[PDB]
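Take a look at this single chain, the form deposited in one PDB entry, given in structure tokens.
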């Protein structure tokens, strides 16, 4: 089964799901870096800006809704956000499942209030599900209709916007052969990166740092120290919320590579700077940024949309691995 995705300025890739009877539709991101299903609830007080311009879920218009109401909580660097657990039929790419999701009653506004999509679908493992709730993909496996205990991602360059494939891969969007990397500590789609490189000066992640293959992440992230180092060491200036470089001097910034289980994944200037134009006047942003991630998971890096745009990604639960292939 394939889920068509939409790309909002190469920074947000979402899809559509259906909750309830009749199907209440939600625009959502499929995040391999989280494990629950979250949708803005209708019972979400309007006092939260995140609950004013996004589809809300009304249990009141669903014949299939089942009440549980367990309070869920998750603090996210601007943390807070909470709600309760509800059950109901969700539909993804044709498939139907009786899933447990959270209805957001409280939300820290940002970043959400800027989301062109409404909710998030956790593609992560059951080991990290709030309330220890069975993840959606897990439930889909239970039905035994798929072909492979796997699912692949494809983020496009923007302006088809993207595509997720449940239970398989799609050859139309990648070339070459998948080179796999085993998961460090299964329970997380995290792999053992072996050094980041800025081309000549392979100074970074020397030894053995970690890396998250986060589809729900738009940029590539690393500790604040790491990013600072990598940043200026590119001619990249630091701003209020993202590094940049005069637009006209972007096309000649070094290449970035990630030594991942046997191969060198390289991103070029084109892959990491939004070349709004080539003016020698205006500034241009880099699809990279600080972001400090807390343990036990981190501080690991985060290979998000920037990476995925270039390398088609497959997550294979069957063998706790992850493949990468030149995206086409």
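Residue numbers count along the first chain shown, from 1. Take the two forms, find the largest set of C-alpha atoms that superpose within 1.5 Å, and that set is the rigid core.
Counting the unmodelled positions of the deposited sequence between residue 78 and residue 79 gives zero. The mean C-alpha temperature factor is higher for 126-134 when 126-134 and 160-168 are set side by side.
Per-stretch averaging of Cα B factors for 70-78 and 135-143 places 70-78 on top. Per the deposited coordinates, the residue with the largest Cα temperature factor out of 203, 104, 217, 120 is 203.
Note on 93, 199, 83, 176: the highest value goes to 199, judged by CA B factor as recorded. Annotation for residue 192: CA B-factor lies in the highest third of the chain's modelled residues. In the PDB entry, residue 98 places in the lowest third of its chain by CA B-factor. Ranked by C-alpha B-factor against the other modelled residues of its chain, residue 64 falls in the lowest third. In this PDB entry, the Cα temperature factor of residue 241 sits in the top third of its chain's modelled residues, the highest group.
Compared with the other modelled residues of the chain, the Cα B-factor recorded for residue 288 ranks in the highest third.
Quick note: we don't show the form deposited in another entry, though the next part is all about it.
Comparing the two forms between this form and the one not shown on the rigid core, the single residue of 211, 123, 220, 107 with a CA shift of 2 Å or greater is 107.
Once the rigid core is used as the reference frame, the Cα position of residue 132 differs between this form and the one not shown by less than 2 Å. Once both forms are fitted on their rigid core, the CA atom of residue 147 lies less than 2 Å apart between this form and the one not shown. Relative to the superposed rigid core, residue 192 undergoes a CA displacement smaller than 2 Å between this form and the one not shown.
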